[PDB]
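Listed here are the chains, written in short residue letters.
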Amino acid sequence: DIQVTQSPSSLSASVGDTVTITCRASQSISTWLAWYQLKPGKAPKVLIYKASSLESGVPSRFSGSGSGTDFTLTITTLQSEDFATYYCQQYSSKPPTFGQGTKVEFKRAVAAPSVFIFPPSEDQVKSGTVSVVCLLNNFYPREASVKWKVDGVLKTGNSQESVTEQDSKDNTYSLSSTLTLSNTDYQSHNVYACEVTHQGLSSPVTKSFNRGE
Amino acid sequence: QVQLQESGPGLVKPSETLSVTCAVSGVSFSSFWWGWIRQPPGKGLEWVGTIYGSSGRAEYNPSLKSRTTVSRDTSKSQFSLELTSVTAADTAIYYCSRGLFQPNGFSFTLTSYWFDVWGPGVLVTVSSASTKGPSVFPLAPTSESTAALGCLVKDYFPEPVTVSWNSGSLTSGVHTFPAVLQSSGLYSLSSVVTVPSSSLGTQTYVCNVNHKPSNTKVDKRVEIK
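A. Representation of the overall build of chain B. On a plain count of helices and strands, chain B comes out with zero helices and 19 strands. Relative to the compact-globule value of 17 Å for 225 residues, chain B shows a C-alpha radius of gyration of 24 Å, a clear excess of over 25%. Overall size of chain B, expressed as C-alpha extent along the three principal axes, is 80 × 35 × 30 Å.

B. Here's a closer look at the nonpolar core. Core analysis: the biggest nonpolar cluster contains 26 residues, and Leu18, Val24, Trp34, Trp36, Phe79 and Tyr94 of chain B have the highest contact counts within it. Taken together, the elements giving at least two residues each to this core come down to β3 (18–25), β4 (33–39), β5 (46–52), β8 (78–83), β9 (92–100) and β11 (122–126) of chain B.

C. Expanded view of the state of the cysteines. Scanning the model with the defined rule gives four disulfides over all chains in all. Across the disulfide from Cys23 of chain A sits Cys88 of chain A; the S-S distance is 2.1 Å. Because the torsion about its S-S bond is 70°, the bridge between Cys23 of chain A and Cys88 of chain A counts as right-handed. In this pair, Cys23 of chain A sits in strand β3 (residues 19–25) while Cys88 of chain A sits in strand β9 (residues 85–90), placing the two residues 65 residues apart along the sequence. Each member of the pair, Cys23 of chain A as well as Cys88 of chain A, carries the same accessibility label: buried. For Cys22 of chain B, the disulfide goes to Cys96 of chain B, at an S-S distance of 2.1 Å. Torsion about the S-S bond of the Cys22 of chain B and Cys96 of chain B cystine: about 65°, corresponding to right-handed handedness. Here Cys22 of chain B is found in strand β3, whereas its partner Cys96 of chain B is found in strand β9, with 74 residues between them in sequence. The pair formed by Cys22 of chain B and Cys96 of chain B is uniform in burial state, with each residue classed as buried. Looking at chain B, its bonded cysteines, counted consecutively from the start of the sequence, adopt the pairing 1-2, 3-4.

D. Local environment of the pairing of strand β19 (residues 205–210) of chain A. Here six bridges tie strand β18 (residues 191–198) of chain A to β19 of chain A, and the two strands are oriented antiparallel to one another. Looking at the pairing, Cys194 of chain A lines up with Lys207 of chain A of β19 of chain A.

E. Expanded view of the pairing of strand β19 (residues 216–221) of chain B. Residues and elements named next belong to chain B. Relative to β19, strand β18 (residues 206–211) is paired through six bridges, and the arrangement is antiparallel. Within β19, the residue paired with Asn208 across the bridge is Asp219. The loop that links β18 with its antiparallel partner β19 comprises four residues; one of these, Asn215, has a positive phi angle of about 40°.

F. Highlighting the environment of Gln3 of chain A. Inspection of the secondary structure puts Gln3 of chain A in the segment before β1 (4–7). Not counting residues up to four positions away in its chain, the partners in contact with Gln3 of chain A are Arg24, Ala25, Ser26 and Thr97 of chain A.

G. Region of the structure containing the side chain of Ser176 of chain A. Inspection of the secondary structure puts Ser176 of chain A in strand β17 (residues 173–182). Leaving out residues up to four positions away in the same chain, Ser176 of chain A has contacts with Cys134, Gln160, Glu161 and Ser162 of chain A together with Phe177 of chain B.

H. Layout of the domain arrangement of chain A. Residues and elements named next belong to chain A. Domain boundaries in chain A define domain 1 (1–107) and domain 2 (108–213). When each unit is reduced to the centre of its C-alpha atoms, the spacing between domain 1 and domain 2 is 37 Å. Taken together, the contacts link four residues of domain 1 with five residues of domain 2. Of the roughly 430 Å² buried between domain 1 and domain 2 on both sides combined, carbon and sulfur atoms contribute 31%. Remark: the boundary between domain 1 and domain 2 carries zero salt bridges. Counting the contacts that link domain 1 with domain 2 gives five residue pairs in polar contact. In terms of residue class, the side of domain 1 that touches domain 2 is made up of one nonpolar, one polar and two charged.

I. Quick peek at the sheet that holds β1 of chain A. Residue and element names in this part refer to chain A. Pairing within the open sheet is antiparallel, and its four strands lie in the order β1-β3-β8-β7. For this open sheet the edge positions go to β1 and β7 (62–67), each flanked by a neighbour on one side alone. Between one strand and the next, the sheet's axes are offset by a mean angle of 20°, whatever the strand orientation. Where β7 and strand β8 (residues 70–75) come together, six bridges link them in antiparallel fashion. Its bridge partner lying in β8, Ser67 is registered against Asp70.

J. Representation of the domain arrangement of chain B in the model. All names here are of chain B. Domain boundaries assigned for chain B yield domain 1 (1–128) and domain 2 (129–223). Distance from the C-alpha centre of domain 1 to the C-alpha centre of domain 2: 38 Å. Buried area between domain 1 and domain 2, both sides added, is near 290 Å², and the carbon and sulfur share of it is 52%. Looking only at domain 1, the three residues that lose the most surface to domain 2 are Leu11, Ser127 and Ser128, adding up to 79% of its buried area.

K. The pattern of salt bridges, seen in detail. For the coordinates displayed, the defined rule picks out 11 salt bridges over all chains. Where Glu59 of chain B meets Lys94 of chain A, a salt bridge forms, and the shortest distance between an N and an O atom there is 3.7 Å. Of this pair, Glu59 of chain B sits in strand β6 (residues 58–60) while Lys94 of chain A sits in the loop between β9 and β10 (97–98), which puts the two residues in different chains. Given a relative accessible area of 13%, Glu59 of chain B falls into the buried group. Of the residues examined, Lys94 of chain A reaches a relative accessible area of 45% and is grouped as partly exposed. When the shortest N-O distance is used, the salt bridge between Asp90 of chain B and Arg38 of chain B registers 2.7 Å. Taken as a pair, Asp90 of chain B in the loop between β8 and β9 and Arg38 of chain B in strand β4 lie far apart in primary sequence, 52 residues in all.

L. Spatial organisation of the sheet that holds β19 of chain B. All names here are of chain B. What the three strands build is an open sheet, ordered β14-β18-β19; its pairing is antiparallel. Two strands close off the open sheet at either side, each with one partner strand: β14 (162–165) and β19. In this sheet, adjacent strand axes meet at a mean angle of 15° when their direction is disregarded.

The rules we used
Residues numbered from 1 in each chain as written, not as in the entry; some residues may be left out. Chains lettered and ligands numbered in written order. Heavy atoms only, no water. Residues with missing side-chain atoms left out of burial classes, pairs and counts. Helix = DSSP H or I, 4+ residues; strand = E, 2+ residues; numbered from the N terminus. Rg over C-alpha atoms; globule rule 2.2 N^0.38 Å. Core = buried A, V, L, I, M, F, W, Y, C linked by side-chain atoms within 4.5 Å. Buried < 20%, exposed > 50% of the residue type's maximum accessible area, 1.4 Å probe, protein only. Disulfide = S-S within 2.5 Å. Pairing = 2+ DSSP bridges. Contact = heavy atoms within 4.5 Å. Domains from an automatic or database assignment. Buried area = accessible area lost by both parts, 1.4 Å probe. Salt bridge = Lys/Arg side-chain N within 4 Å of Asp/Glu carboxyl O. Polar contact = N/O pair within 3.5 Å; in protein donor to acceptor, adjacent residues only side chain to side chain. Nonpolar A, V, L, I, M, F, W, Y, C, P; charged D, E, K, R; others polar. Axes fitted to C-alpha atoms, helices over the stretch in contact; angles between N-to-C directions.

Here you go:
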C-alpha cells in the first residue's frame, strides 16, 4: 500500500557541500522512516531510524527530520566517503517499502567526450555478423546522447549502450554504443556515422567512416 | 558485533527454485527476527520476507508470497530463502538482514521492520543459457594527439570475463565496459584504451581475454589496418 518517493534520483556534489535528500510517503507514516547508505559491492548500512535517531557509530554530519508524509536526510559538509546511494524506507506498515534511491556522484568541470568510431574487423565481416562501435571517452556530466545514421538514415533498434562507473580519479564517464547488423546488411550501405550530443560540445560531433576505406 | 554472510548458487535456471542461505554470528540467533531483501540490477530494493529466529513464524511480501518460503535452522544460526518458478525478474543481489520493530502506539500492533544490519549480499542470476566462450575482435583506430583502440568481446556466458592489455603491462587509459545482456542470452562488452597517436606504428597492442567458465584464453593483436 504505502509508497515512498525520493528526490532527487541523482545528486552532483563536491566534498564540503551540504546536501539534502527528500522522501515523501504516499500516506502518513508517523516517524517510521529509516535511511540507508549503499556503496557498490558492500553491505548496506543504516543511518537513521524513527526519522531522526542516529544509529550509533554513524557520523553526526548525518541527520534526519520530518514526520507524517515529508522527510529529509541532510549530510552537512560531505566527505569523499559519503558519495554513495541513499535510500529511505517506511516501516509504518507491512510490507516495508523503499524509495528509488539517490545516487550522490562527484561534480567536476564539464568535459566533452572524445569520440571514436570503429568499423568491423575483416575477421568479423567474414563471420557474417558485424558490430559497429561508437566510443565516447572521459566526459562529464553523465548525460549524453548517441544517434546512429547509416547513409543518412537514423537507425533505431539493433544497438545497445554501456556506460562506465564514474572514474575514481578524474570523475569522468565513458560510454559505448554498439550497432549490430548482418554482414549482408552492413555491405549494402556506405557511410556509417555516430552522432554525439553532450553539454561540453556546443555543436554535435559526428564521427563516420566509409565502409571499405 | 553481528555478522551476516549470504551464500547461494550464482546461477539458477528459469522455472527452477532459487535457494539462498544466510549465516549469522555474534548474537543470540533465536532472540531476533531475520529478513531477506533483494535488489534487481537497475531496480530498487524489495523486501522479500522475515522470520522469527525462535518460533520460525514467517511473514512475506504479498508480491512474492505465492512463490516464497523462508526457513531457519536455530542450531546452525542460519536462515534461508526459497523462491520457486523463477524468471529473469528474480535476478538480483539477495541480502540477509536483521529486522527490528516496535510497538506503534495502537492496540496490539507493531511497526513493520527496519533493518539495522545487513550482509554484503549475493548476486543470483536467472538464465537458461549454456556456457560459451567469447569471440574476440580488434577495434582498430589518427590525426589527434591521442587515439583509441580496443577489443570487442562478444557472445559469452556466463559472466565474468577478464580483459588485460599486453599481458598486463598496459594499464593506464583502459576502460573495460560493463557487459550487456543480448537478446541471445549471451553477454557482450568492449574494452578500449587510449594511447599516443605517434605510438601506433611502433608499439604492439594485444588484448588478453580470459573466460574461466569455458576455460577460454584469447590473445588478439590490435593494429591499424
